[PDB]
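**Q** Fold the following and give me the result.
(one chain, ligands or ions: 1)
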Amino acid sequence: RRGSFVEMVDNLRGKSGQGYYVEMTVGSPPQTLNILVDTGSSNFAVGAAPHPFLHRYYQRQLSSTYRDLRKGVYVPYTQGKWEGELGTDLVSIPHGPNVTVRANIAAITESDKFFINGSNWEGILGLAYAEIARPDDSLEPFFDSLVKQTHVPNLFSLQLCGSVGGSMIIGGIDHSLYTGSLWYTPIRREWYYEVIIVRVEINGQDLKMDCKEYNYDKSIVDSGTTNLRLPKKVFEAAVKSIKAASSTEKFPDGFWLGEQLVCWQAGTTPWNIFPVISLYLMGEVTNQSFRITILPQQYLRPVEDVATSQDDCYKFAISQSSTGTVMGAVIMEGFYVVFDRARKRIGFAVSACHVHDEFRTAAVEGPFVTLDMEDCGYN
Ligand SMILES: CN1C(N)=N[C@](C)(c2cc(NC(=O)c3ccc(F)cn3)ccc2F)CS1(=O)=O
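**A** Residues are numbered from 1 along each chain as shown. Right below this line is the structure:
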């Protein structure tokens, strides 16, 4: 099958600011779990104990196909940790391909700041590469296992629509999910989904920064992050320009730092005072680039769970980083994104579900002439 996969359309669910999850089954007979789709990590890890925030959890004792690996894995992040016991079991995706694979599963037995109180998911599906798997690259990621064990083509694509929805098309592309053409950027290295940004424009105005800065020390595509995250020096310049572009209204310093929210009376958000953001990405051809353009609809996130206000409150979802640029849900919700593993490239097209007003629309445009794009990468 190619170009059309109706069975996989709308197979993603979520809640605002809590991410996008797919239904999966593990073990025999099959146990159903909701699993966060994460292109920014490479472990398949699931709740395996009755943590009070969990709707449900993997019960290894009930599975005839479970195999213990007799190894543990401890995984700390910046603000959260999990620890688990490694095994393999049979895994399938009910609204995905008609297959069942034997995959590595980390059965989570202790965690902190990992499961979200009030969320509807019980595990994470790391879709990135073995190089960043925990404990090490010998632990084969789920997608690698899927590709090895079946005839599913080595590609998946994501349409994230900002409760939220979307599509994860496994092993192909569904042409109804986008308009215009796909444009492809090389995956620089197979660890995270690493790409190179060669130029940044706010409202069409170049930031005029050494492009090496845009990728200090990394730029990645990550469905498991909400924000567009930028290196501080780039974030500094970006806000500076966004501040200027939006000067007809004035907002507090903390707002731009995500230390407080800003609110407006319902239906009266000044979208138009806010500038578009354009990232030019390295193209497929020497000296050729393309640009993807997002709206304030993307970087101004509605905050729903705010009991002390009755208005429309938003978070500024652009933030600074020490680990490089992260193109999170803020970017991806604008686009249909094709993770073309077989070809080591990521395609972007205008998403058929992206949220936009009648004056501006997210865009994917090319080709553009950009020299010295190699020098944009950090070593
Ligand atoms: C950035 N990170 C990432 N991509 N993957 C991890 C596994 C992760 C992701 C989430 N992601 C989310 O909860 C989330 C929330 C809203 C979104 F739009 C997208 N993702 C939660 C826990 C966790 F360990 C670790 S992380 O360092 O935090």
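**Q** drop to CA atoms for contacts and neighbour counts, all remaining ones
**A** Noted.
**Q** Point out the residues in this protein that sit beside the ligand.
**A** 17-19, 38, 40-41, 77, 114, 222-226, 329 (C-alpha under 6 Å from any ligand atom).
**Q** okay but residue 182 is in contact with residue 345, surely?
**A** No - contact criterion C-alpha atoms under 8 Å: residue 182 and residue 345 do not qualify, at 11.3 Å.
**Q** For the two, indicate the residue with more neighbours.
**A** residue 345 (22 against 18; other C-alpha atoms under 10 Å).
**Q** Just the ones in helices from the residues of the chain next to the ligand, please.
**A** Members of the residues of the chain next to the ligand lying in helices (criterion: DSSP state H): residue 329.
**Q** Narrow the residues of the chain next to the ligand to just the buried residues.
**A** Among the residues of the chain next to the ligand, those classed as buried by neighbour count (16 or more other C-alpha atoms under 10 Å) are 17-19, 38, 40-41, 222-226, 329.
**Q** Could you work out the most separated pair of the residues you listed?
**A** Comparing all pairs in these by C-alpha to C-alpha, the longest separation belongs to 17 and 41, at 18.1 Å.
**Q** Find the helix or strand that residue 259 is a member of.
**A** For residue 259, there is no host helix or strand (DSSP states H and E).
**Q** For it, give its distance to residue 247.
**A** In this view, residue 259 and residue 247 are 20 Å apart by C-alpha to C-alpha, to the nearest Å.
**Q** Please apply the same query to residue 65.
**A** From residue 65 over to residue 247 the distance is 61 Å, taken as C-alpha to C-alpha.
**Q** now do residue 266
**A** Taking C-alpha to C-alpha as the measure, residue 266 falls 21 Å from residue 247.
**Q** OK, contacts around residue 64?
**A** Contact analysis of residue 64 by C-alpha atoms under 8 Å, 6 or more residues apart in numbering lists 27-29.
**Q** swap the cut-off to 7 Å and go again
**A** Contact analysis of residue 64 by C-alpha atoms under 7 Å, 6 or more residues apart in numbering lists residue 28.
**Q** Validate this expectation: it resides in a helix.
**A** No - using DSSP: H, G, I helix; E, B strand; the rest coil, the assignment for residue 64 is coil, not a helix.
**Q** How much space separates the residue of the stretch 251-379 of the chain found nearest the ligand from residue 250?
**A** Relative to the ligand, the nearest point of the stretch 251-379 of the chain is residue 329 (4.9 Å; C-alpha to the nearest ligand atom). Counting by C-alpha to C-alpha, the separation of residue 329 from residue 250 is 26 Å.
**Q** Confirm for me that residue 157 is in contact with residue 173.
**A** Yes - with contact defined as C-alpha atoms under 7 Å, residue 157 counts as touching residue 173 (6.2 Å).
**Q** per-domain residue ranges of this structure.
**A** Here the domain parsing of the chain from curated CATH domains is 20-152, 153-379.
**Q** Please give the number of neighbouring residues around residue 98.
**A** 10.
**Q** out of everything not next to it in sequence, what's closest to it?
**A** residue 92 (7.9 Å; C-alpha to C-alpha, 6 or more residues apart in numbering).
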